[PDB]
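In our numbering, the protein residues as written are -18 to 341.
Don't be surprised by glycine CBs; every beta carbon is placed ideally from N, CA and C.
First comes the structure, then the notes that go with it.
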Ligand SMILES: Nc1ncnc2c1ncn2[C@@H]1O[C@H](COP(=O)(O)OP(=O)(O)OP(=O)(O)O)[C@@H](O)[C@H]1O
Ligand SMILES: [Ca+2]
């Protein structure tokens, strides 16, 4: 029988069967409750009568009651399976606190009675999906961006960096600057419309200053978008100013290095003898890395920071929106992985802290 692959994020949850090339269910990480409980799409649609919670903040689980409700929904409503029948691979953020790993483990075995489980780092799974075991991954989702150096299958914790600027922040920023053109997007249902605008029309400029000058001298960069009621709006320099905040956190009032400088800073924290492997194997993952033009801009910026003789290669896989899930599916499918699982007998004997020596 097949193992199950579950990838829980700040914005979206992805789940399915080990061996498939895509997840079977993708839904919002939202739990709703009367002002008895609703999860996912139903919670968002019925949001008028409900109080909404987001159990995962910047990649870290903060509310365990609600996280359990998401897992019950994932098994019984979305995949339509019995947890006690299947081994279960779960995913976690880089630098997930020790206590969080243990509680995760406790709930699978004691609440859902899984015969087996395992937990792997999100960024490591993405690297695997690209057929590599050495490289540095930039993972940018809905709530957090990480840069993660990896060597022979092992993430290097001393060199991992965290930036709390991602897709959710970009959506809000686009709402703001579209107003300064005369439009008025402010409500929760309007936020969802602007999220669509962002995903369809936005892009990363190669040279920001020059792109600003092009937009100010003609309408060559303008694009249109039709709203539900038939109104057509027009967007110009907003198309590239929005994702520019990833490269300049100043735009949002943050005193922080951009995603290009963060990647270089992580590499510089690693042993001199491995840096060249990392420079030549920089991989992009997550929904927020989907912008057209993002790989060429990363290439340009890293080149200006690195030594002049250095070989720079940015890899941006076409399926990178789901490369965490696909990496898990690959791993849980390998017959040479089957003796890596934590069994329930092992749990019964050692308890939740067995996870530190089994999932290393
Ligand atoms: N084509 C696209 N262009 C730009 N942004 C996109 C695109 N598709 C999705 N996104 C954005 O990516 C985000 C979702 O990505 P992902 O599922 O990787 O994050 P997550 O796992 O929910 O969150 P995190 O990893 O931060 O915990 C959303 O903010 C969404 O608006
Ligand atoms: Ca994620």
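Short Cβ contact (7 angstroms threshold) for residue i with residue j
{"i": "residue 133", "j": "residue 152", "result": "no"}
{"i": "residue 105", "j": "residue 147", "result": "no"}
{"i": "residue 305", "j": "residue -12", "result": "yes"}
{"i": "residue 247", "j": "residue 96", "result": "no"}
{"i": "residue 314", "j": "residue -4", "result": "no"}
{"i": "residue 100", "j": "residue 340", "result": "yes"}
{"i": "residue 250", "j": "residue 80", "result": "no"}
{"i": "residue 307", "j": "residue 185", "result": "no"}
{"i": "residue 234", "j": "residue 122", "result": "no"}
{"i": "residue 70", "j": "residue -16", "result": "yes"}
{"i": "residue 75", "j": "residue 37", "result": "no"}
{"i": "residue 270", "j": "residue 144", "result": "no"}
{"i": "residue 323", "j": "residue 98", "result": "yes"}
{"i": "residue 166", "j": "residue 225", "result": "no"}
{"i": "residue 156", "j": "residue 175", "result": "yes"}
Option in the options with minimal Cα separation from residue i
{"i": "residue 168", "options": "293, 204, 29, 112", "result": "29"}
{"i": "residue 10", "options": "328, -15, 54", "result": "54"}
{"i": "residue 20", "options": "58, 44, 3", "result": "58"}
{"i": "residue 280", "options": "272, 307, 187", "result": "187"}
{"i": "residue 245", "options": "4, 73, 139, 117", "result": "117"}
{"i": "residue 119", "options": "92, 262, 314", "result": "262"}
{"i": "residue 32", "options": "45, 39, 13", "result": "13"}
{"i": "residue 16", "options": "27, 7, 140, 175", "result": "27"}
{"i": "residue 158", "options": "144, 179, 237", "result": "179"}
{"i": "residue 44", "options": "23, 85, 62", "result": "85"}
{"i": "residue 241", "options": "35, 128, -14", "result": "128"}
{"i": "residue -14", "options": "34, 52, 176, 47", "result": "52"}
{"i": "residue 154", "options": "204, 220, 335", "result": "220"}
{"i": "residue 291", "options": "143, 255, 37", "result": "255"}
{"i": "residue 312", "options": "107, 90, 22", "result": "107"}
{"i": "residue 7", "options": "18, 22, 17", "result": "22"}
{"i": "residue 63", "options": "89, 48, 77", "result": "89"}
{"i": "residue 300", "options": "171, 272, 329", "result": "272"}
{"i": "residue 207", "options": "177, 328, 35, 201", "result": "177"}
{"i": "residue 205", "options": "77, 191, 181", "result": "181"}
{"i": "residue 60", "options": "210, 302, 4, 72", "result": "4"}
{"i": "residue 253", "options": "230, 87, 288", "result": "288"}
CB-CB length for residue i against residue j, believed under 8 angstroms
{"i": "residue 149", "j": "residue -8", "result": "7 angstroms"}
{"i": "residue 347", "j": "residue 265", "result": "The first residue shown for the chain is -18 and the last is 341, placing residue 347 beyond what the model contains."}
{"i": "residue 124", "j": "residue 67", "result": "That pair is no contact at about 28 angstroms."}
{"i": "residue 183", "j": "residue 223", "result": "5 angstroms"}
{"i": "residue 65", "j": "residue 333", "result": "No, residue 65 and residue 333 are not in contact; Cβ-Cβ is about 19 angstroms, not under 8 angstroms."}
{"i": "residue 111", "j": "residue 298", "result": "6 angstroms"}
Element boundaries [beta strand (DSSP E), containing residue i]
{"i": "residue 6", "result": "6 to 9"}
{"i": "residue 97", "result": "97 to 102"}
{"i": "residue 117", "result": "116 to 121"}
{"i": "residue -12", "result": "-15 to -11"}
{"i": "residue 70", "result": "69 to 73"}
Boundaries (first-last residue) of the alpha helix (DSSP H) holding residue i
{"i": "residue 224", "result": "219 to 225"}
{"i": "residue 309", "result": "304 to 312"}
{"i": "residue 151", "result": "148 to 160"}
{"i": "residue 246", "result": "240 to 249"}
{"i": "residue 168", "result": "Neither: residue 168 is in no alpha helix (DSSP H) and is coded neither H nor E."}
{"i": "residue 339", "result": "336 to 339"}
{"i": "residue 260", "result": "256 to 260"}
{"i": "residue 278", "result": "275 to 286"}
{"i": "residue 85", "result": "79 to 91"}
{"i": "residue 235", "result": "Residue 235 -> no alpha helix (DSSP H), and no H or E assigned at all."}
{"i": "residue 196", "result": "189 to 198"}
{"i": "residue 53", "result": "45 to 54"}
{"i": "residue 26", "result": "22 to 26"}
{"i": "residue 184", "result": "Counting along the chain, residue 184 falls outside any alpha helix (DSSP H), and DSSP gives it neither H nor E."}
Closer than 7 angstroms to chain C by CB, residue i
{"i": "residue 153", "result": "Annotation note: the requested chain C is absent from the structure, which comprises a single protein chain."}
Evaluate contact between the stretch 155 to 166 and the stretch 212 to 222, counting only Cβ atoms and requiring at least three cross-stretch pairs below 8 angstroms.
yes
Touching by the beta-carbon criterion (3+ pairs, under 8 angstroms), the stretch 319 to 327 and the stretch 265 to 285:
no
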